[PDB]
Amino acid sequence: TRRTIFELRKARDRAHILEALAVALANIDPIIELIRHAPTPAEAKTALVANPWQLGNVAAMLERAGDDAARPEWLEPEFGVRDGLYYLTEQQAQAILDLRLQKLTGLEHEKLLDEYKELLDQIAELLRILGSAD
């Protein structure tokens, strides 16, 4: 414990960013359309947050853990996975805008999903460690 809470938090914080990237890659066609239509980075970020995104392949991955296990405790209820859609925070939209094109290639996409999947398993175990005395 205490070490456990630190670990769980760090895993969720990292998973939270990867989750947004994975959702973006699952919707890359309309994501880039939306970005190209935006006159500025600020407006692209606003447009990314304005409407939710379909989960696509991420839906199946979330089955690797109980409901909302990857969700940071500090995340407000209006964000994250909600009824089959994903509601991005501004920080997540900024991570999407910071993706390099090379990240779209098959192996880079798979590597990102591999890290996110591994984190979900890591998170579920850290949770299981709790676990402890009530």
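Residue indices: 1-based, along the sequence shown.
Comparing 108-116 with 122-130, the stretch with the higher mean C-alpha B-factor in the PDB entry is 122-130. The mean C-alpha temperature factor is higher for 62-70 when 62-70 and 87-95 are set side by side.
Annotation for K45: C-alpha temperature factor in the middle third relative to the rest of the modelled chain, per the entry. When the modelled residues of the chain are ordered by C-alpha B-factor, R36 sits in the middle third.
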